[PDB]
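These notes are about the structure you will find just below.
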Amino acid sequence: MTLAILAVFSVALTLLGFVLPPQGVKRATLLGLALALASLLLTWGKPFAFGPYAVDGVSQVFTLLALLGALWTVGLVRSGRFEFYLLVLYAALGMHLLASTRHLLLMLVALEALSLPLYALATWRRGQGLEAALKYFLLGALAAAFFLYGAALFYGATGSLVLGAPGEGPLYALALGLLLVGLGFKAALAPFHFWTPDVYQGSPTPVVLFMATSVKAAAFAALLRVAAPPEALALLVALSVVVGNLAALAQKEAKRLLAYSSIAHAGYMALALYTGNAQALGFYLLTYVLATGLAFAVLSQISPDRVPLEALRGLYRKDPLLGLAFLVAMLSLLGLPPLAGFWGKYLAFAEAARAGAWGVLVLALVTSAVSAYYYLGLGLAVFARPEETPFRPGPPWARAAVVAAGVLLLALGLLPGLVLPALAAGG
Amino acid sequence: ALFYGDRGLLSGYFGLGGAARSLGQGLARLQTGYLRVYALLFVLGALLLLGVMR
Amino acid sequence: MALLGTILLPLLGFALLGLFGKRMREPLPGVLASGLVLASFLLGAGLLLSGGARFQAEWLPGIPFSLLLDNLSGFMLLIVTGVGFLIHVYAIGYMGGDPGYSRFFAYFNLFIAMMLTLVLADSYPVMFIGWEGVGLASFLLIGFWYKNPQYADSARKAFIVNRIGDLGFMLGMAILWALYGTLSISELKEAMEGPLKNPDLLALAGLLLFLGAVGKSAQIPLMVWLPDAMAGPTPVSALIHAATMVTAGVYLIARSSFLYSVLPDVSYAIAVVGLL
Amino acid sequence: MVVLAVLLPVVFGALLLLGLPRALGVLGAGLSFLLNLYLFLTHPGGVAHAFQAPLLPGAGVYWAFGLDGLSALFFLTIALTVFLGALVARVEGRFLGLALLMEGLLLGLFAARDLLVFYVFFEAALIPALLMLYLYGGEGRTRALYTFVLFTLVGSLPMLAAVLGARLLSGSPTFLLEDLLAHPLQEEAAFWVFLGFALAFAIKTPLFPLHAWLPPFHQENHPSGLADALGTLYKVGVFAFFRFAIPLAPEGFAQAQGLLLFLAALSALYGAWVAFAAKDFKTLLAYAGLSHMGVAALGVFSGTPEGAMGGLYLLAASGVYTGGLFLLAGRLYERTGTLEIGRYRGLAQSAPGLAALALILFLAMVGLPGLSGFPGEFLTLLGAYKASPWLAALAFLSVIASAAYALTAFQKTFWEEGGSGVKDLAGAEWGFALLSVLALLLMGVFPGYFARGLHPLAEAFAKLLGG
């Protein structure tokens, strides 16, 4: 009954914001999201299903992550339009629904629910932001069509629109493919990745924080629900990691570089999909979400519109703690010890090798080493001599947020035997 | 002689670094920015996957 | 243990003159040096007249630290320490007004200690400690006045050409490990009596031992290193060319008399190289 | 117990980084030195103080520690070298902290009683190294950094598949070394896993074609070479081979042995030979290190317990005398301002006892008997010769090239005609000197006592390659 909280706050604030100063609405939306997360903790080990709607360990972990991302992204945004909060609220529920069901059609409706309000969140209205928004909507609705014909073909090979239905030969194979298309696009796996560079660079940074954390989370959550075969998995991984890192090399811009990098990262997480461990994947995404949320909070404190790579430089001198935190984020996203990113990566790699897929694992790993070029090209870039750069040094809100996130990262780098004990049933 | 050989070795490794960089920006050149381009590359990729599945 | 003393005195002395030594009056490093060398000869001749001496000690596994003092060792020891002592006193004389008196006699004691380590050995790696050590102290003395470029490179060439020989020595030494597994000259000789085995490999080991000997005794082709040893102070040249060093070339063969006495080809060649 | 000795330099380094002042981390490295030495003396055996703690219970990763006959001195050696680095130092960046961190990290590295923890430390040691590189000096800092770091990382990440494969394909319950050895891998499974260990291990040894990172790393760190000295204690490849690579998947090593012995040989020769041409201390010590490692690896690869013991020993001690030469080089930098070999000739009259210290160190380097190098070099010779004699031979036109480069350098730096004259010796440099000389002389004169722990490991893991 986190869903209850979500629907309630969204619907209520809709009309309330007519009577409230936009700030009052910000206070409100913030409050709501945090409360939903609270209900998530109080339900740990209490898994609950109602309709096609189902809350279990997975739903719990992945919406814990998603809710976290939504709170952080609302923290930064001070625009005096109450809707620029409202849309976030909507989107959040949408992602929760996406992670919370096996029903293909409810999954579809949930997809529209989460995806439509982000299209509107893509507008600072800076000339790029309309281009970004456009590409996003067109490619998005296309994928909508695909996941829908996929649900229709799943209902095709078998009596149900609910996943887990017994399944045929080639038609079933086809149907699982058509579900895999949309669900894959939403996660930025190659070669579905083309939007990712454009939209991250085009959309206002804090929004991108929201996307690059919450969306990827929810998407992998729904992905685990699908039955996907080893060969396809191999393909997606290979392409994601290769093109992701290689093209990320070519990147002169922080956001875009981060996009390609995130393509590679979706590539890494997709290995957990081999066994679908989800204690492992849950962990990986915990670490990743923390680090990335951090990274984009910092990219927000630089500029909302665009951040080049040099802008990151000299950040240590300016603010020591933010320099350090960004560094840590770069390392956790690199998957280097002793950071939680290493245990997430390791857990995915472990499930991968456990599944006995070797060449794939290897390639993923090799080009994962490729990623260190740009990961240090940022993390170390922190220490160079500061060039002329925009800097607005945050509220306590942001400083304490970013640092907290980093600390949570490295804490679980050393003691995953804290949370990992229950990313499972919740003991 | 062996020294200069070794230097040249190091330089060749730099060669690989640049090969991966290059390949990378070929892959980064893969994205032009025209939407029709992204759409065609999209359908292309998807057909590639469904092909892989049998 | 008394046997080790002979070695220890002109080390303890060397260590005084190298470490302090400049803390001494101009006669004194010479006096110390010549004094420790004085009773090394003496106090080891006490051992020789008493019939012999033995020492066995902890080292690399399978290769203990073994000193055998017998007739063959004693003859050498008396030559080295006696003439060496004379040269110590002479060096007290010829070295005068020269800074690093300390340095000189430190180097001198050191040299004596090393040679005593070489000739008293019951095991070839101990012998080898002797070899590389004596090569080192030669290097050190030959360059004693360091302000001159010509007498620097001399010693460098010495220890290089010489280390070619030491490399031969090492190789031959490795050869008789794989073969027998003793590397202690006494038990290595007692193991070489009878039918032997794989004669080609034995001849090789002895030939590399010789490739060392050539370096140490300054025969052809490694002949070239000795002439430039003039560079050092004259009593150094006295010590190297007469009472120490090259003589060990011969001595290695003489302790290995057991090894070479069964090798006609190698010995033929030894005589050829000697003649040339 | 073990974990304390492991942790002691780590904490002190933090206390140096943020913490004040510089001086305390010196006695920090000293304390590490004393405790590690303490564990070195009183050792009961293979177990020593055993440690097991849950890390990822479900994954099967646990904290697993203890001192072998191997792990042993390596605590003492590393503690020592790094201590000298702390004291004589002069990098004094407040990254002598980064150093103490790196020391502690390496200590943890040797003590790892399970594979994945070992892996963890193996990857972790990279960071201070890159830092004390990057922010603590050098003009070409960033490119040299990407070189060193990416070589290590590209080597490293695939090994995780092997460390997984070692556990997963062998059906080992945990990452514990005991367990992993208890379940051997079969043909063309052990093959791939050994290979995957062998790349990451070869690149960090280094062997001949893969060493190209070593000269740039040592050049660009802070010129005193604290970062460099600790970088050489990071050359741990041989240890990893003998402890892990060969025993977990020996069947593959049986095939690879010829090639490995060859590469070891050619590394040794090429290393010592190329070293000759070197015009600066960083490069010279680099190629020299390459030769030594060549020798060690040659020793290990032969099977033949003799050679292997020689290899590990040579490793241990060469960490010390090489790190020493680094610190010493930096100390003459601070007084002069240059690491160039040719310029500024006179020193020897000008510098009262340095000629003696630097000489001692170099003598230890060329593998002169009575100093640390010879026991390892020799035993290595024996074993190398046992397996492949030819490769022992090629590898042993080393001593010639070694004496060549070392004596050329020593002469042209110290012996010749006077310059202005030089600063005599620093109070740090005195402790440095004496302690150094003590170490070198003791490991040289009594190669028996040190390496006794090496002996059971040597022959047993040699017979591991037997029937």
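Starting from 1 in every chain, residues are counted up; chains themselves are A, B, ... following the order of the structure tokens, and ligands are numbered from 1 as listed.
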
Residues of chain A within 8 Å of chain B, counting only C-alpha atoms, as a ChimeraX atom specification: /A:135,139,170,173-174,177,181,191-192,194-195,198,229,231-232,235,243,245-250

Mind checking which residues fall within 7 Å of residue C:168, counting only C-alpha atoms, ignoring those fewer than 6 positions away in the same chain, and posting them as a list in words? residues 208, 209, 211 and 212 of chain C

Could those residues be written to a file, using N, CA and C atoms, as a compact mmCIF listing (two decimals), in the first residue's frame?
```txt
# COMPACT_ATOMS: atom_id res chain seq x y z
N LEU C 208 83.77 -24.95 -17.73
CA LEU C 208 83.23 -23.66 -17.30
C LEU C 208 83.93 -23.18 -16.03
N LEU C 209 84.31 -24.13 -15.19
CA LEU C 209 85.11 -23.84 -14.01
C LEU C 209 86.40 -23.20 -14.50
N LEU C 211 86.72 -21.73 -17.54
CA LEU C 211 86.35 -20.44 -18.13
C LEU C 211 86.35 -19.36 -17.07
N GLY C 212 86.03 -19.75 -15.84
CA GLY C 212 86.23 -18.88 -14.70
C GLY C 212 87.71 -18.66 -14.44
```

Distance limit 6 Å, atoms considered: only C-alpha atoms. Which chain B residues sit that close to chain D? Return them as a ChimeraX atom specification. /B:2-3,10

Using only C-alpha atoms, tabulate the residues of chain C lying at most 8 Å from any atom of chain D, each with its closest atom pair and that distance in Å to one decimal, by chain and increasing residue number, as a Markdown table.
```
| residue | atom | partner | partner_atom | distance |
| --- | --- | --- | --- | --- |
| C:58 | CA | D:448 | CA | 6.2 |
| C:59 | CA | D:448 | CA | 4.3 |
| C:60 | CA | D:448 | CA | 4.7 |
| C:61 | CA | D:448 | CA | 6.6 |
| C:128 | CA | D:369 | CA | 7.6 |
| C:129 | CA | D:369 | CA | 5.2 |
| C:132 | CA | D:368 | CA | 6.7 |
| C:133 | CA | D:369 | CA | 7.6 |
| C:146 | CA | D:415 | CA | 5.3 |
| C:147 | CA | D:417 | CA | 4.6 |
| C:148 | CA | D:416 | CA | 6.4 |
| C:149 | CA | D:416 | CA | 6.2 |
| C:152 | CA | D:411 | CA | 7.1 |
| C:153 | CA | D:411 | CA | 7.9 |
| C:156 | CA | D:407 | CA | 6.2 |
| C:159 | CA | D:403 | CA | 7.4 |
| C:160 | CA | D:400 | CA | 6.1 |
| C:161 | CA | D:400 | CA | 7.9 |
| C:163 | CA | D:400 | CA | 5.8 |
| C:164 | CA | D:400 | CA | 5.9 |
| C:167 | CA | D:399 | CA | 6.8 |
| C:170 | CA | D:378 | CA | 7.5 |
| C:171 | CA | D:381 | CA | 7.6 |
| C:174 | CA | D:382 | CA | 4.8 |
| C:175 | CA | D:385 | CA | 7.5 |
| C:177 | CA | D:382 | CA | 6.8 |
| C:178 | CA | D:386 | CA | 6.1 |
```

For residue A:54, work out the shell of residues within 12 Å, counting only C-alpha atoms and skipping chain neighbours fewer than 4 positions away, then give it as JSON, numbers by chain. {"A": [1, 2, 3, 46, 47, 48, 49, 50, 58, 59, 60, 96, 97, 98, 99, 100, 101, 102, 103, 106, 107, 222, 225]}

Include C-alpha atoms and write out the residues we just selected as a PDB file, in the first residue's frame.
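Result written to part.pdb:
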```pdb
ATOM      1  CA  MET A   1       0.000   0.000   0.000  1.00  0.00           C
ATOM      2  CA  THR A   2       2.772   2.344  -1.045  1.00  0.00           C
ATOM      3  CA  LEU A   3       0.714   2.598  -4.236  1.00  0.00           C
ATOM      4  CA  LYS A  46       6.131  -8.189   4.153  1.00  0.00           C
ATOM      5  CA  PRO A  47       5.579  -8.850   0.403  1.00  0.00           C
ATOM      6  CA  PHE A  48       2.095  -7.795  -0.818  1.00  0.00           C
ATOM      7  CA  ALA A  49       0.076  -8.487  -4.014  1.00  0.00           C
ATOM      8  CA  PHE A  50      -3.369  -7.123  -4.947  1.00  0.00           C
ATOM      9  CA  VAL A  58      12.285  -7.258  -6.031  1.00  0.00           C
ATOM     10  CA  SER A  59       9.571  -4.589  -6.211  1.00  0.00           C
ATOM     11  CA  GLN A  60      10.690  -3.543  -2.750  1.00  0.00           C
ATOM     12  CA  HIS A  96       6.540   1.584  -9.305  1.00  0.00           C
ATOM     13  CA  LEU A  97       3.717   0.019 -11.343  1.00  0.00           C
ATOM     14  CA  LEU A  98       6.218  -1.014 -13.975  1.00  0.00           C
ATOM     15  CA  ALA A  99       8.286  -2.930 -11.458  1.00  0.00           C
ATOM     16  CA  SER A 100       5.286  -4.300  -9.610  1.00  0.00           C
ATOM     17  CA  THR A 101       3.443  -6.533 -12.125  1.00  0.00           C
ATOM     18  CA  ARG A 102       3.726  -9.494 -14.461  1.00  0.00           C
ATOM     19  CA  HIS A 103       0.761  -8.375 -16.522  1.00  0.00           C
ATOM     20  CA  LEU A 106      -0.754  -3.468 -17.117  1.00  0.00           C
ATOM     21  CA  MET A 107       2.960  -3.286 -17.744  1.00  0.00           C
ATOM     22  CA  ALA A 222      10.581  -5.323 -15.108  1.00  0.00           C
ATOM     23  CA  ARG A 225      10.319 -10.632 -14.916  1.00  0.00           C
TER      24      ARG A 225
END
```

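Selected on chain A by distance to chain D: residues 337, 362, 365, 369 and 417 of chain A (within 6 Å, counting only C-alpha atoms).
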
Would you export the selected residues with N, CA, C and O atoms as a PDB file, in the first residue's frame, please?
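After the write, result_0.pdb holds the following:
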```pdb
ATOM      1  N   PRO A 337      37.577  -1.953  -6.590  1.00  0.00           N
ATOM      2  CA  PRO A 337      37.575  -2.185  -5.142  1.00  0.00           C
ATOM      3  C   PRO A 337      38.311  -1.084  -4.403  1.00  0.00           C
ATOM      4  O   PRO A 337      39.216  -0.475  -4.973  1.00  0.00           O
ATOM      5  N   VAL A 362      33.854 -12.248 -20.587  1.00  0.00           N
ATOM      6  CA  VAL A 362      35.165 -11.718 -20.922  1.00  0.00           C
ATOM      7  C   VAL A 362      35.082 -10.389 -21.673  1.00  0.00           C
ATOM      8  O   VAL A 362      35.607  -9.404 -21.199  1.00  0.00           O
ATOM      9  N   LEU A 365      34.000  -7.632 -19.627  1.00  0.00           N
ATOM     10  CA  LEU A 365      35.066  -7.256 -18.705  1.00  0.00           C
ATOM     11  C   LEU A 365      36.185  -6.430 -19.350  1.00  0.00           C
ATOM     12  O   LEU A 365      36.626  -5.433 -18.786  1.00  0.00           O
ATOM     13  N   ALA A 369      37.268  -2.589 -18.750  1.00  0.00           N
ATOM     14  CA  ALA A 369      38.578  -1.987 -18.542  1.00  0.00           C
ATOM     15  C   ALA A 369      38.746  -0.778 -19.460  1.00  0.00           C
ATOM     16  O   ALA A 369      39.307   0.239 -19.056  1.00  0.00           O
ATOM     17  N   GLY A 417      27.905  -7.516   3.562  1.00  0.00           N
ATOM     18  CA  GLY A 417      27.350  -8.472   4.504  1.00  0.00           C
ATOM     19  C   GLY A 417      26.393  -7.809   5.477  1.00  0.00           C
ATOM     20  O   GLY A 417      25.998  -8.395   6.485  1.00  0.00           O
TER      21      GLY A 417
END
```

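Taking only C-alpha atoms, the non-local environment of residue D:7 within 10 Å (same-chain residues fewer than 3 positions away omitted) comprises residues 2, 3, 4, 10, 11, 12, 32, 101, 103, 104, 105, 107 and 108 of chain D.
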
Writing out the chosen residues with N, CA and C atoms as a PDB file, in the first residue's frame:
```
ATOM      1  N   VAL D   2      47.925 -11.678  12.957  1.00  0.00           N
ATOM      2  CA  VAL D   2      48.241 -11.283  11.582  1.00  0.00           C
ATOM      3  C   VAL D   2      47.596  -9.980  11.115  1.00  0.00           C
ATOM      4  N   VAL D   3      46.287  -9.884  11.312  1.00  0.00           N
ATOM      5  CA  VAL D   3      45.512  -8.784  10.760  1.00  0.00           C
ATOM      6  C   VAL D   3      46.008  -7.438  11.273  1.00  0.00           C
ATOM      7  N   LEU D   4      46.504  -7.413  12.502  1.00  0.00           N
ATOM      8  CA  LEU D   4      47.051  -6.183  13.057  1.00  0.00           C
ATOM      9  C   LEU D   4      48.259  -5.707  12.250  1.00  0.00           C
ATOM     10  N   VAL D  10      48.353   0.916   7.034  1.00  0.00           N
ATOM     11  CA  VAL D  10      47.151   1.487   6.428  1.00  0.00           C
ATOM     12  C   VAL D  10      46.584   2.657   7.221  1.00  0.00           C
ATOM     13  N   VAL D  11      46.384   2.437   8.517  1.00  0.00           N
ATOM     14  CA  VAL D  11      45.849   3.462   9.408  1.00  0.00           C
ATOM     15  C   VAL D  11      46.774   4.675   9.499  1.00  0.00           C
ATOM     16  N   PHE D  12      48.060   4.415   9.719  1.00  0.00           N
ATOM     17  CA  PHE D  12      49.080   5.456   9.806  1.00  0.00           C
ATOM     18  C   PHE D  12      49.119   6.355   8.568  1.00  0.00           C
ATOM     19  N   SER D  32      55.230  -0.597  11.859  1.00  0.00           N
ATOM     20  CA  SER D  32      54.840  -1.669  10.957  1.00  0.00           C
ATOM     21  C   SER D  32      56.032  -2.579  10.807  1.00  0.00           C
ATOM     22  N   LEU D 101      49.743   3.763   3.268  1.00  0.00           N
ATOM     23  CA  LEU D 101      48.558   3.099   2.757  1.00  0.00           C
ATOM     24  C   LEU D 101      48.960   1.974   1.827  1.00  0.00           C
ATOM     25  N   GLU D 103      51.822   0.414   1.496  1.00  0.00           N
ATOM     26  CA  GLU D 103      52.525  -0.622   2.244  1.00  0.00           C
ATOM     27  C   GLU D 103      51.526  -1.580   2.851  1.00  0.00           C
ATOM     28  N   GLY D 104      50.614  -1.019   3.643  1.00  0.00           N
ATOM     29  CA  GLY D 104      49.607  -1.809   4.325  1.00  0.00           C
ATOM     30  C   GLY D 104      48.811  -2.658   3.361  1.00  0.00           C
ATOM     31  N   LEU D 105      48.442  -2.048   2.243  1.00  0.00           N
ATOM     32  CA  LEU D 105      47.747  -2.747   1.177  1.00  0.00           C
ATOM     33  C   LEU D 105      48.514  -3.974   0.699  1.00  0.00           C
ATOM     34  N   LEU D 107      50.785  -5.603   2.348  1.00  0.00           N
ATOM     35  CA  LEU D 107      50.788  -6.533   3.467  1.00  0.00           C
ATOM     36  C   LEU D 107      49.518  -7.375   3.462  1.00  0.00           C
ATOM     37  N   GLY D 108      48.381  -6.713   3.271  1.00  0.00           N
ATOM     38  CA  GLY D 108      47.116  -7.412   3.158  1.00  0.00           C
ATOM     39  C   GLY D 108      47.134  -8.359   1.979  1.00  0.00           C
TER      40      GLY D 108
END
```

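Between atom CA of residue A:236 and atom CA of residue A:52 the interatomic distance comes to 28.8 Å.
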
When you draw a straight line from atom CA of residue D:240 to atom CA of residue D:220, how long is it in Å? 26.6 Å

Can you check which residues of stretch 13-129 of chain A DSSP gives as strand (DSSP E) on the backbone and send them as a VMD selection string? chain A and resid 48 to 49 54 to 55

I need the residues in stretch 148-266 of chain C that are helix (DSSP H, G or I) according to DSSP; give them as number ranges by chain. C: 150-178, 185-190, 199-217, 222-225, 227-231, 234-243, 246-255, 257-260, 264-266

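Residues in contact with residue A:381 at 10 Å, where only C-alpha atoms are counted and same-chain residues fewer than 6 positions away are skipped, are listed as residues 309, 310, 311, 312, 313, 314, 315, 316, 323, 327, 374 and 375 of chain A; 142 of chain D.
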
Save out the residues we just selected, N, CA and C atoms, as a tab-separated table (two decimals), in the first residue's frame.
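Below is the file again.tsv, written as the result:
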```tsv
chain	number	residue	atom	x	y	z
A	309	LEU	N	33.61	18.41	-20.16
A	309	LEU	CA	34.44	17.59	-19.28
A	309	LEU	C	35.40	18.41	-18.43
A	310	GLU	N	35.91	19.48	-19.02
A	310	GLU	CA	36.85	20.38	-18.36
A	310	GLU	C	36.19	21.05	-17.17
A	311	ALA	N	34.89	21.29	-17.27
A	311	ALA	CA	34.14	21.98	-16.22
A	311	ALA	C	34.29	21.23	-14.91
A	312	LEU	N	34.34	19.92	-15.01
A	312	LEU	CA	34.56	19.04	-13.88
A	312	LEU	C	35.90	19.34	-13.21
A	313	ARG	N	36.83	19.92	-13.95
A	313	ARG	CA	38.20	20.03	-13.47
A	313	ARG	C	38.38	21.12	-12.44
A	314	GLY	N	39.30	20.89	-11.51
A	314	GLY	CA	39.59	21.83	-10.44
A	314	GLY	C	38.50	21.84	-9.40
A	315	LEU	N	37.55	20.92	-9.54
A	315	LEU	CA	36.43	20.82	-8.61
A	315	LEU	C	36.89	20.55	-7.17
A	316	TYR	N	38.02	19.87	-7.01
A	316	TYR	CA	38.56	19.59	-5.69
A	316	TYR	C	38.89	20.86	-4.92
A	323	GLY	N	34.49	17.19	-4.95
A	323	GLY	CA	35.54	16.60	-5.77
A	323	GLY	C	35.72	15.14	-5.41
A	327	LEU	N	34.78	11.77	-7.59
A	327	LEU	CA	35.83	10.78	-7.78
A	327	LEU	C	35.31	9.38	-7.43
A	374	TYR	N	37.88	7.01	-19.47
A	374	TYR	CA	37.06	8.18	-19.21
A	374	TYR	C	36.68	8.29	-17.73
A	375	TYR	N	36.55	7.15	-17.06
A	375	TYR	CA	36.26	7.20	-15.63
A	375	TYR	C	37.35	7.91	-14.82
D	142	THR	N	49.99	12.30	-16.42
D	142	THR	CA	48.70	11.73	-16.78
D	142	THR	C	48.79	10.59	-17.79
```

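The space between atom CA of residue A:202 and atom CA of residue A:260 spans 14.1 Å.
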
For stretch 266-273 of chain A: contacts at 6 Å, only C-alpha atoms, fewer than 3 positions along chain excluded, given as a PyMOL selection string: chain A and resi 189+237+240-241+263+276+281+348+351-352

Include C-alpha atoms and write out the residues we just selected as a compact mmCIF listing (two decimals), in the first residue's frame.
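Contents of the output file again.txt:
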```
# COMPACT_ATOMS: atom_id res chain seq x y z
CA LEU A 189 21.06 -1.43 -24.02
CA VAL A 237 25.70 -7.35 -23.57
CA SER A 240 26.21 -2.41 -25.16
CA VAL A 241 29.61 -2.71 -23.60
CA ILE A 263 25.02 2.09 -22.03
CA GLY A 276 18.37 -13.23 -12.72
CA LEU A 281 21.16 -7.28 -9.29
CA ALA A 348 26.53 -9.69 -11.88
CA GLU A 351 25.85 -14.81 -11.85
CA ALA A 352 27.15 -14.61 -15.43
```
